[PDB]
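Next up is one chain by itself, shown in structure tokens, the form deposited without the DNA.
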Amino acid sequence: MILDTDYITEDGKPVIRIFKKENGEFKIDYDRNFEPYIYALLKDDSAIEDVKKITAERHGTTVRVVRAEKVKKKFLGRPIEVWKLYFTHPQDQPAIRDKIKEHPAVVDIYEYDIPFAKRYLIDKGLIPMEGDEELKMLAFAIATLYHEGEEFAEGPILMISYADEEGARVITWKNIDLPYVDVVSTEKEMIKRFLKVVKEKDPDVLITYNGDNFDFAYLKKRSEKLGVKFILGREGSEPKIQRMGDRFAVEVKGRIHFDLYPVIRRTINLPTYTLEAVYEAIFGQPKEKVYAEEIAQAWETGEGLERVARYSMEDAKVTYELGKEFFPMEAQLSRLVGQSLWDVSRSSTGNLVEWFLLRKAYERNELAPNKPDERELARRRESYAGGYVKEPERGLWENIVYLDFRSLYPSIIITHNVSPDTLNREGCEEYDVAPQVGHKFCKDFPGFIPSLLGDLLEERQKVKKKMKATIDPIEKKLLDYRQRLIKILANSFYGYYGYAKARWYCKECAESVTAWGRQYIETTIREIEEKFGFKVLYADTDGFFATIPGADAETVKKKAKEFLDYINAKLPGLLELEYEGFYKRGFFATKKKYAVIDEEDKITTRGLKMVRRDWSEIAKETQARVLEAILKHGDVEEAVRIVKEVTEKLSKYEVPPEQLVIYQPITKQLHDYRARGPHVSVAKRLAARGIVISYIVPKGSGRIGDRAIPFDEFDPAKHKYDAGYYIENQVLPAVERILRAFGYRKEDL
């Protein structure tokens, strides 16, 4: 299979290198016959002789046009004739493209900013990560000596850890009594030892967590300081560093540097992206953090080195575990888009669609529009109206069905042929008009994007049915990832339409999709109300919650299935409404805030879940008790009494102080925490003396931080906690947000 492609220069000529892994053997294929090129639209074919003679200069070397050929391609639906201009080297393109554009007889130029190695994969029809070849993976992490007022990598690397199927090991230059620790004499020997491990293991994938902006940069400065040839590449090369905007990225030639940090940054949404928080959210298992101060203190005193070595080991271990969880999904995404895993894993949603479209455009002989210039880019700060959100009929409801459209936005694009090449196209005999915005779309021929989107949805169905018949559980997982990734890519076409940097950007297309979406969701709602007598409790963009308040659970289900048969016969094209699920009870607080419970007793909450550690146990316990009384018992007046009971126990000081302790970690220098937080205030009082902050809020005057004390110093016989604080700032805010819709103000409890 193909891992990646790049180019080297030989006698001023580009040579493509294709890195492959066939039958467990690494191979490099060379191609010296791929010519870089750009298109040029001319107003007169006679002008081609003037364009051929246009010259530029890179660094003394004269840039010339190698050869030209007239080709017929499609552009905005219409057939067009452009000149394919070939060059000697891909770096000739940025040097001469401006001189060719400025020529009077040149209307415009196209496909002039496509990286050579990526242009090769598309033009040759090559797809990376294709097949069932097994890649060998290796994760690694480093521990460093940090001091407050020092430059980057001024301190040495203390430990280098690595992990794979054989387990996790730590290389260090100090004696540590642990079975997984390998001891060397110096930092130089530790680095050299790590090089030998990578060379002997010969992994296809190197997995890091933030290796793009820390690990490789630290290793580089250290190898320069110690005189070590950091040959990580399979061709004997040192890691290549690139600039990605305001940040960096690192390639390792012959292998795939898989940095988990940008991948997880897009996949899940978390408050922080530390390795500890990420691992705990994905695997649900805790991971202890050992700070730079503790590491430095342990290394200088030689005391708790086992704790440091164990932290180092866990870093490599969890990085390998996370890499095993996210890499197969990103590998299938790379195969789908048609680009290397290195680029795909570092590209955002907008670029992924663009690369997919660029490959398809070449296959369909479709000339790709250019990126917007700075002037046009500033003009594309255009916003528009989004999805429809119904104001919910607040309160507790019984026997609720959730109905939603199968791929609403892609269905609209296909059905109404929404595309920049069909937008206001004159000369057609059939059009579809978008409500409110009024944009017209030609229906005479399939548009470029709707046509590809139709093939994607069709391809996904071919994968779904092959999964049912696939005996092999590993192959079923592979197909499952591809199927899921097609759904993700198909649902990204809409956002791409409103993406200002997009080649196929079209605000008219984007707002037409949302306008049609608002129409279909609203028409379906009034249809179920008027012709089936349902009450629509709440709706958001592509689905709604409905019920018959005076009907049986089986009666609601039956009527819902009958409604589905009815509207699906009336919906045009690919639009389709589906039965998502049935819920025994449901509480709808405000727009975007609600909670439902199924027949199994599983509760789904969207809004103020409050599963955080920076909130007292008393507040979290009461909230759970309230939700249970509402969703399991359907007793609203019981949920109220529970809050009244808790506030009465808090006011009479009958609640144990252990369920009032708040735990908060110090992650930065005390001078940098100028938020006057209670945990920081407690920490500053500790630092004021000679020598996770666990504190309780006591009864007194001043700010919360002025009252707060560590729980170790709290004594029920000498001190009194702030009953008012735990009622008004902890319990009531957490519960009021749920009971709010009933009209139960804070003073009602």
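Rigid core here is just the name for the largest C-alpha set that superposes within 1.5 Å across the two forms. Note that residue numbering follows the sequence shown and begins at 1.
The same protein also exists as the form solved in complex with the DNA; that form is not shown, yet it is the one meant from here on.
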| property | result |
| --- | --- |
| Candidate site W355, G495 and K592: all three near the DNA in the bound PDB entry by heavy atom within 4.5 Å | yes |
| Contact test in the bound PDB entry: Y499 vs the DNA, heavy atoms, 4.5 Å | yes |
| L575, heavy atom within 4.5 angstroms of the DNA in the bound PDB entry | no |
| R425, heavy atom within 4.5 angstroms of the DNA in the bound PDB entry | no |
| Distance check, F742 to the DNA in the bound PDB entry, heavy atom within 4.5 Å | no |
| Contacting member of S451, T349, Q436, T523, with respect to the DNA in the bound PDB entry [4.5 Å, heavy atom] | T349 |
| The single option of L178, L377, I282, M467 touching the DNA in the bound PDB entry, heavy atom within 4.5 Å | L377 |
| Interface segment, criterion being heavy atoms within 4.5 Å of the DNA in the bound PDB entry, picked from 170 to 178, 67 to 75, 154 to 162, 242 to 250 | 242 to 250 |
| Those residues of 521 to 553 which, in the bound PDB entry, come within 4.5 Å of the DNA by heavy atom | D540, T541, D542 |
| Which one of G227, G125, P286, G236, by Cα shift of 2 Å or more between the shown form and the other one, core superposed | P286 |
| Threshold 2 Å Cα movement between the shown form and the other one at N269, rigid core reference | yes |
| Large Cα move at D614 between the shown form and the other one, threshold 2 Å, rigid core | yes |
